[PDB]
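Here the structure is laid out as structure tokens; the discussion comes afterwards.
Naming convention: chains lettered A, B, ... in sequence-line order (proteins, then strands); numbering from 1 in each chain. When a ligand or atom number is given, it counts from 1 through the structure's own listing order. Values below: all heavy atoms of this structure, side chains included; hydrogens, waters and symmetry mates excluded.
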Protein chains: 2
Amino acid sequence: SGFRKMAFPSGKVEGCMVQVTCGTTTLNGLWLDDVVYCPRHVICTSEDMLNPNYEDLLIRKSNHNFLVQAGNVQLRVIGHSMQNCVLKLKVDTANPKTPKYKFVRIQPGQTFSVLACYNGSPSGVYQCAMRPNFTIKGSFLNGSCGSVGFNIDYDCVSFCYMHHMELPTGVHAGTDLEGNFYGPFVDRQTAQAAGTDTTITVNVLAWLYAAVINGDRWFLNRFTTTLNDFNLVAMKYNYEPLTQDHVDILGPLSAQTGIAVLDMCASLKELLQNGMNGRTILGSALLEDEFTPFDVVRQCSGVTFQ
Amino acid sequence: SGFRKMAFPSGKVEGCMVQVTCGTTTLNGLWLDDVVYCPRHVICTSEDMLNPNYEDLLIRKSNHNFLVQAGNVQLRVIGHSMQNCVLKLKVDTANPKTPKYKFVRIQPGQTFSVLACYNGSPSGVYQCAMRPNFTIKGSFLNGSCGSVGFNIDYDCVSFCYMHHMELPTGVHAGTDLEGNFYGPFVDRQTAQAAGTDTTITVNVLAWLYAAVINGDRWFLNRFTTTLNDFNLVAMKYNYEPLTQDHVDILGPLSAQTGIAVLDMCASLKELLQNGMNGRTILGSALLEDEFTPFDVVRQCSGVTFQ
Ligand SMILES: *[C@H](O)[C@H](C[C@@H]1CCNC1=O)NC(=O)[C@H](Cc1ccccc1)NC(=O)[C@@H](NC(=O)OCc1ccccc1)[C@@H](C)OC(C)(C)C
Ligand SMILES: *[C@H](O)[C@H](C[C@@H]1CCNC1=O)NC(=O)[C@H](Cc1ccccc1)NC(=O)[C@@H](NC(=O)OCc1ccccc1)[C@@H](C)OC(C)(C)C
């Protein structure tokens with residue numbers, strides 16, 4: 001037993017991280033088959049970033065201006081192209097460590113593991129969630145751009161995130177691996193509004209089922225509620241509206257535990273209206289929303305990969 | 001910026017995980033050079049575990065009774081031996097994926113990454129701390145025994161923990177890689193007292209420096225205190241006594257931030273006497289103690305490995 005914020009094993013992704021240098025800028029790239037993917041702002045100077053014309057800036061660059069280093073190994077760049085906000089550098093060597101992979105665009109409220117990297121070398125791994133406002137709350141220093149987020153299905157790595165920027169707040173923004181930003185953000189250094197975030201209600205309920213499964217329980221009340229009634233409480237507290245689809249998704253956890261979803265919402269309702277009284281749940285004094293229902297099923301099922 | 005509970009990249013350890021089967025019992029082993037390490041209770045039946053005589057039970061076993069499977073690959077066992085609470089199975093093939101490694105016995109309050117595994121296959125990775133009472137608070141289901149904890153120094157993996165058991169509480173106990181339990185625990189299924197845990201004061205202070213570095217600050221007060229005065233407050237609140245050694249260890253963080261350690265203790269004192277008023281620090285409503293001072297320096301330094 002026990003319940004932890006758990007990241008996927010990162011070995012399959014470590015084998016794909018490379019270093020990309022263009023002039024003065026060095027960041028991380030993702031090497032799959034004979035293509036290296038990286039943020040297109042690798043071609044910007046410190047001045048270019050306030051208002052870059054990426055097409056015009058890219059035209060000044062040739063294949064030999066992109067230095068791609070894999071460990072100490074040295075890739076020859078033989079073509080380059082921009083796709084949305086990512087550059088694709090064609091190299092003359094296919095990555096022998098390429099895992100079975102896919103590119104996916106995840107939905108807000110979903111989770112994924114981040115392999116934070118500097119100079120092409122992995123530094124650490126952590127889990128998080130795509131916020132309803134399409135930011136993530138990560139740990140990214142200077143040089144971390146091009147670090148990727150991902151999920152693993154047994155053998156197959158689904159890449160879903162590439163890091164591009166930090167906002168004047170400490171939250172982070174980036175793209176899918178086709179280069180389309182999550183959310184309204186653009187890759188220039190100008191003020192950018194994330195907008196109101198909300199709490200992922202279906203994830204909080206899944207965590208409450210995780211808590212019940214691990215013996216923590218004081219919160220299980222006595223009450224029940226309705227979907228429309230609970231949703232009134234959700235809006236007062238900036239929670240995402242709970243749908244029937246969310247109820248169906250929680251159907252494995254409701255049946256393993258024997259607790260109806262709307263009963264659990266009545267518990268959550270009282271949590272939101274009364275606080276925690278200085279108690280804790282699964283070792284937290286806050287309501288946790290970065291575990292999906294599938295994260296919980298996985299966690300207490302022992303699903304492995306590789 | 002940002003600050004996250006971050007695990008080491010696990011690729012070097014993934015390459016060492018194997019499956020060990022003895023009769024009915026299957027668990028994980030750690031394959032380094034031509035030796036596989038695993039918990040010795042792999043030789044126990046469900047009945048043996050209430051009161052095992054490990055020497056007598058081991059005598060009934062021969063090399064061919066240990067089935068070691070590496071992925072699908074098949075290792076020949078050519079010797080076996082007990083060292084404290086671990087078995088060492090000599091195999092006829094050295095692991096080609098063996099990293100530079102060391103076996104270390106960590107101190108309470110230190111941290112390490114756990115690669116949780118089932119049937120020899122990695123499932124997830126998370127960070128934690130050796131509690132002052134020599135337990136860990138992990139996520140371990142049936143079959144997870146033999147999963148290992150570790151730290152990485154650039155190239156070198158320092159293995160420090162192997163999982164053996166859960167206690168009737170949801171906390172976890174295990175050994176170093178020489179088979180000596182952390183804490184007073186034994187490998188039999190009988191009631192076992194963990195004893196009072198305490199909070200790792202030097203780790204909480206490091207986290208408060210992490211918070212200050214990341215803009216979170218409302219807690220920085222006005223007061224100062226003395227080492228003896230603060231230590232009076234530590235005991236009332238089950239905190240480990242702060243030593244001068246702890247003060248010296250916090251010397252990088254005090255100088256980066258410009259805040260004297262005893263000033264930070266005065267802040268922590270007021271936190272302990274007044275609560276959080278429903279505020280949060282680095283996204284937590286509790287005082288976090290599973291980051292070491294070096295975890296913080298690393299985290300906001302961008303140190304990489306491999
Ligand atoms: C790449 O390695 C690096 C990682 C970030 C640095 C620290 N944490 C990170 O995640 N990213 C950057 O430096 C990018 C570079 C860039 C982006 C777009 C075009 C050209 C170059 N920039 C940022 O992360 C800035 N974020 C940003 O521009 O947000 C919009 C903005 C900027 C300025 C004022 C208002 C709004 C970061 C470094 O700047 C802030 C947001 C102040 C942290
Ligand atoms: C190995 O894969 C497995 C992992 C644990 C199962 C669930 N979470 C885990 O971490 N471990 C075990 O099953 C070991 C097996 C064993 C241990 C010693 C000798 C022989 C076999 N046992 C345990 O984890 C038990 N813990 C335990 O015995 O603690 C002492 C005790 C036992 C009974 C009553 C009082 C005290 C677990 C499974 O049992 C409890 C503690 C009730 C959770």
| task | Nearest heavy atom to atom 26 (N) of ligand 1 wins, so pick from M165(A), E166(A), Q192(A). | result | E166(A)
| Checking salt bridge (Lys or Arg N to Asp or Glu O under 4.0 Å) for the pair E178(A)/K88(A): CA distance, chi angles, key distance, verdict? | CA-CA 10 Å; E178(A) 297 194 326; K88(A) 290 187 290 197; over 6 Å; no
| request: Would you kindly specify which portion of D48(A) sits under 4.0 Å from ligand 1, judged on non-hydrogen atoms: side chain, backbone, both or neither? | output: neither
| said: Taking 4.0 Å as the limit for heavy-atom contacts, which would you say applies to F185(B) with ligand 2: side chain only, backbone only, both, or neither? | reply: neither
| Got an N/O contact under 3.5 Å between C145(A) and ligand 1? | yes
| query | Looking only at heavy atoms, what is the nearest atom pair of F66(A) and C22(A), with distance? | reply | CE2-SG, 3.8 Å
| field | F291(B)/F3(B) aromatic ring centres below 6.0 Å | value | yes
| request: Could you tell me whether atom 38 (C) of ligand 1 has a protein heavy atom closer than 4.0 Å? | output: no
| field | 4.0 Å protein heavy-atom contact status of atom 13 (O) of ligand 2, strictly under | value | no
| task | Could you tell me which atoms of ligand 2, counted from 1 in the order shown, lie closer than 4.0 angstrom to a heavy atom of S144(B)? | result | 2 (O), 4 (C)
| task | From atom 10 (O) of ligand 1, work out which of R188(A), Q189(A), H172(A), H163(A) has a heavy atom at the shortest distance. | result | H163(A)
| field | contact_flag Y118(A) ligand 1 heavy-atom lt 4.0 Å | value | no
| message | I'd like to know if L27(A) contacts ligand 1, where contact means a heavy-atom distance under 4.0 Å to any ligand atom. | response | no
